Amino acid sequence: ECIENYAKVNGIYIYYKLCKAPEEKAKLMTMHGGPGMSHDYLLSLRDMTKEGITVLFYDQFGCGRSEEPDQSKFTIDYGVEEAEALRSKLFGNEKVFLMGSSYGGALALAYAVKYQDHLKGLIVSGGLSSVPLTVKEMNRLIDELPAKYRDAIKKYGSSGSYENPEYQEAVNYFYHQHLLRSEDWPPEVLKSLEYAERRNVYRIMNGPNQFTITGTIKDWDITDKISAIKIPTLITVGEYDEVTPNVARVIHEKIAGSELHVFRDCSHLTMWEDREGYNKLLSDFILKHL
């Protein structure tokens, strides 16, 4: 199994899980989405160890098993230093690959913008360089939703009545349409969702739900900066991704040399909807840039 540990990182105790590859060829660091989720829903990327790729999972500040730091530290810039601190505290001066999903991708970009010198490659799956853009795009998704659920999200949404069952059905439908297109959501995914609903980070940095981004990052946007990323970048996105491929396009358009792969018939959690295709894509990318 993977080697887990609860070591002090950048001041606070963080939880990380290192899964070493039998014949290691590259170290891949992962950043879960949210803010407030956990590494749990990214475990599917573990398969890559079978491809000589060591994968490092870890719960960010206030997430999963890691401890919650002062609320003044609930920032993307903070997560970056946390990541760097973890990357050096575990691998030292070794250049690794960084992957980020959803908010984790945005975080991955932020990190890459400052610490790309420590990276051999950047992977952004369903990530974003601008929240407003992401919001401008999710609103469109809600409008394209069958009125039944659209009116509900818009009705109880303005009254902050997220507890209402009618609003729930809509949030459920939307999720099964742009978050994970499948009947049986895997435990790992439900665990990460459960975690975000039990900790504070999600409520403070993101907001009520997946498309109600009213938290402290509602205005985050580093699009006019990501252009500085010169390292090999692989940007993926699902056809029906809640963080639309158009949002991915913006990242691709800036990062020169970057690749943009849209997973057809996939949504946000493409690592589960197409675990084999998704993993093969990432592993092939990494190995081609050792």
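All residue numbers refer to positions in the sequence shown, first residue = 1.
Peer 1: Please work out which of 220-228 and 250-258 has the higher mean CA B-factor as recorded in the PDB entry.
Peer 2: Mean B over CA atoms: larger for 220-228.
Peer 1: Going by the mean C-alpha B-factor recorded in the entry, which is higher: 199-207 or 153-161?
Peer 2: According to the PDB entry, the answer is 153-161.
Peer 1: Based on the PDB record, which member of 192, 212, 130, 125 exhibits the highest Cα temperature factor?
Peer 2: The listed residue with the largest C-alpha B-factor is 212.
Peer 1: Which listed residue, 111, 103, 97, 175, has the largest C-alpha temperature factor in the record?
Peer 2: Top of the list by C-alpha B-factor: 175.
Peer 1: Would you mind ranking residue 59 by its C-alpha B-factor against the rest of the chain and naming the third, lowest, middle or highest?
Peer 2: Ranked within chain, residue 59 CA B lands in the lowest tercile.
Peer 1: Divide the modelled residues of the chain into thirds by Cα B-factor and specify which third, lowest, middle or highest, holds residue 79.
Peer 2: Within its chain, residue 79 is a middle-third residue by C-alpha B-factor, going by the deposited values.
Peer 1: Can you tell me whether residue 271 has a C-alpha B-factor in the lowest, middle or highest third compared with the other modelled residues of the same chain?
Peer 2: Within its chain, residue 271 is a lowest-third residue by C-alpha B-factor, going by the deposited values.
Peer 1: Report the third (lowest, middle or highest) to which the CA temperature factor of residue 90 belongs, ranking only the modelled residues of the same chain.
Peer 2: It falls in the top third of the chain.
Peer 1: Of the three thirds of its chain by CA temperature factor, lowest, middle or highest, which one includes residue 141?
Peer 2: Middle third - that is where residue 141 ends up once the chain's C-alpha B-factors are sorted.
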